[PDB]
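The next block holds one structure in the form of structure tokens; read it before the comments.
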Amino acid sequence: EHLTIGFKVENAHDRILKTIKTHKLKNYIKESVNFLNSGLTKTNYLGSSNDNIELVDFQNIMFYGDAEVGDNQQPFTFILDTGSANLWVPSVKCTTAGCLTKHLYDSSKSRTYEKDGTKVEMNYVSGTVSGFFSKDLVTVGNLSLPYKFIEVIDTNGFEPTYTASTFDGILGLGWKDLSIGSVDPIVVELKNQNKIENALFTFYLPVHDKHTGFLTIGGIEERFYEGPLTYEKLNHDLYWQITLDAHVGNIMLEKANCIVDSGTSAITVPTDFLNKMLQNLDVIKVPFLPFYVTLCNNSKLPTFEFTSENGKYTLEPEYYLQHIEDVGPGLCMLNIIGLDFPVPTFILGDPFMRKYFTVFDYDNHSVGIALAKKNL
Numbered sequence: 078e079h080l081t082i083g084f085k086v087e088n089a090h091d092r093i094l095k096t097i098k099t100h101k102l103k104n105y106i107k108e109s110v111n112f113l114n115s116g117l118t119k120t121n122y123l124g125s126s127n128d129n130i131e132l133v134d135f136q137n138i139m140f141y142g143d144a145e146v147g148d149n150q151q152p153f154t155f156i157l158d159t160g161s162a163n164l165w166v167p168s169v170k171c172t173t174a175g176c177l178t179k180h181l182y183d184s185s186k187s188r189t190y191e192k193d194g195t196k197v198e199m200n201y202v203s204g205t206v207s208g209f210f211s212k213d214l215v216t217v218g219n220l221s222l223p224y225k226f227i228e229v230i231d232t233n234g235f236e237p238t239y240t241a242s243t244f245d246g247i248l249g250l251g252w253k254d255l256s257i258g259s260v261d262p263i264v265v266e267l268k269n270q271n272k273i274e275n276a277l278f279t280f281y282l283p284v285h286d287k288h289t290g291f292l293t294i295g296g297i298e299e300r301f302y303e304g305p306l307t308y309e310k311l312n313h314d315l316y317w318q319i320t321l322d323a324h325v326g327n328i329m330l331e332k333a334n335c336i337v338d339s340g341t342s343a344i345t346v347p348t349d350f351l352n353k354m355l356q357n358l359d360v361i362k363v364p365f366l367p368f369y370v371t372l373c374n375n376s377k378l379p380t381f382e383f384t385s386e387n388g389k390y391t392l393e394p395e396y397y398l399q400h401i402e403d404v405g406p407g408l409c410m411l412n413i414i415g416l417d418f419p420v421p422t423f424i425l426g427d428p429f430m431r432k433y434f435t436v437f438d439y440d441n442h443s444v445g446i447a448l449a450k451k452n453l
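Given below as structure tokens:
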């Protein structure tokens, strides 16, 4: 009854393997492991200010390439983004080098296009994205609706990952940001136009296929989860952010903010917490390569524990460890990085969501967490 669409996923693990085999680093890492755990070091290398992990390197990219905008248009590949509120489409008027690569939306070829022209300009540290609002018939799966999206005329802002990747535009799955426009998120707008039952969407990430995920819009398909579904109300009005008592074994954090984000390939930890976490854990950071390594046989590998008033959630090693056994006997990288926010926060990315079926409820302003069903 509810619309469920399938999408492809590109993660850090994918991008890293590319880098390793592109430059034949099959034995730089292998030797770097056998050394930085020898005890010679007297302290394992977890990174430096010089050699660190950037969140952009662990950017989880979900491809949905069968959506439409307008009548006579090229197809557009969008990426899901729970941190954005709007739909962003590269205009045919965009003259940047990144746009020349992508499929561009020509409003003059669309029979159902209504001009808005409300300018949207953002100033990112990575550059500048510029454009204006446009209304047209947008189609996702078996759902269509007149929607105000953004025609981008300048893609320099996020171009680093833009020309690198293969997607054309962005599909917002976050909360309305009035600094950009008064337009509602496409999932909300579908509810506004009574095309879906409720203004919510769910993420089912198949634990055994990290290249695949499923987005369901409008309702909660019971089959996706087992056990009790727990709701955690949001502590923010712009993010899918909740408060959980977060601890790993003996080290503990209280009332920490936690963001659920499919667009992150990892569990991000506060840097200071991550350090006390990984002391003498036979886990090292490969120098000048953006990932931590350990032999997957590791006995002392910790389990994340997130506690709230209504539920408790655990992330065992099984979920943040991805086998790089192809690069050498025993090894596996960790989908865990260090990231500092003004307030101590965790990003509950892909690994958390591989274990837990996640519900994003606009109407109830909360995140619903349930143990995903592994069997179909």
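If you count the sequence shown from 1, you need to add 77 to reach full-length UniProt numbering.
Backbone N, C-alpha and C define an ideal beta-carbon position, used for all residues, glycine too.
| Query | Result |
| --- | --- |
| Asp-438 burial status per 10 Å Cβ neighbour count (16 or more: buried) | buried |
| Distance between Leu-448 and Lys-432 (C-alpha atoms, nearest Å) | 6 Å |
| Residues near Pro-262 by beta carbon distance below 8 Å, same chain, minus five either side | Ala-162, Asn-163, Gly-249, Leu-250, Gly-251, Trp-252, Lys-253, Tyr-439 |
| Alpha helix (DSSP H) segments (min. 4 residues) lying fully within the stretch 331 to 372 | 348 to 354 |
| Own chain partners of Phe-383 with C-beta closer than 6 Å, once the 5 adjacent residues on each side are dropped | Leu-321, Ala-323, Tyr-390 |
| Which residues DSSP lists as bridging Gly-251, in chain order | Per DSSP, none; premise fails for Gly-251. |
| Residue from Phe-155, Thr-240, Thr-216, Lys-170 with nearest C-alpha to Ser-207 | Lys-170 |
| Euclidean distance between Cα positions of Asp-143 and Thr-216 | 9 Å |
| Cβ-Cβ distance between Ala-333 and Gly-426 below 7 Å | no |
| Boundaries (first-last residue) of the alpha helix (DSSP H) holding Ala-89 | 89 to 99 |
| Per-residue DSSP class, three states only, for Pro-223 | strand |
| Continuous beta strand (DSSP E) assignments of at least 3 residues falling wholly in the stretch 364 to 436 | 369 to 372, 381 to 384, 389 to 392, 398 to 400, 408 to 411, 413 to 415, 422 to 425 |
| Close Cβ partners of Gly-218 (< 7 Å) along its chain, the five nearest in sequence each way excluded | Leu-80, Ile-82 |
| Cβ-based burial, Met-430 [other Cβ within 10 Å; buried from 16] | buried |
| Residue interval of the beta strand (DSSP E) (run including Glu-266) | Per DSSP, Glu-266 belongs to no beta strand (DSSP E); it is in the alpha helix (DSSP H), 263 to 269. |
| Supposed contact pair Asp-128 and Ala-89 - C-beta distance, whole angstroms, cut 8 Å | With 8 Å as the limit, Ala-89 and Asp-128 do not qualify as a contact, their Cβ atoms being about 16 Å apart. |
| C-alpha gap between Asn-387 and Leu-398, whole angstroms | 28 Å |
| 8 Å Cβ shell around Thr-173 - same chain, five flanking residues per side excluded | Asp-231, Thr-232, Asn-233, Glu-236 |
| Identity of the residues DSSP links to residue 20 by a beta bridge | For residue 20 there is no data in the structure shown, the boundaries of the chain being 78 and 453. |
| Completely contained beta strand (DSSP E) runs for the stretch 109 to 185, where each covers 3 or more residues | 138 to 146, 153 to 158, 164 to 167 |
| Cβ neighbour criterion (16 or more within 10 Å) applied to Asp-213 | buried |
| Contact the stretch 349 to 361 vs the stretch 282 to 298: 3+ CB pairs below 8 Å | no |
| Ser-168 beta carbon less than 7 Å from that of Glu-131 | no |
| Burial state of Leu-255, where buried means 16 or more other Cβ atoms lie within 10 Å | exposed |
| Burial state of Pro-406 (16 or more Cβ within 10 Å) | exposed |
| Sequence-distant residues of the same chain with beta carbon closer than 8 Å to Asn-312, five excluded per side | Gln-318, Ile-319, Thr-320, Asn-334 |
| Presumed contact (8 Å Cβ cut-off) between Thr-380 and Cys-409, rounded CB distance | That belief does not hold up - the Cβ atoms of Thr-380 and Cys-409 are roughly 16 Å apart, past 8 Å. |
| Inter-residue spacing [alpha-carbon to alpha-carbon] between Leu-181 and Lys-85 | 21 Å |
| Coil, strand or helix - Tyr-190 by DSSP | coil |
| Under the three-state DSSP convention, the category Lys-107 falls into | helix |
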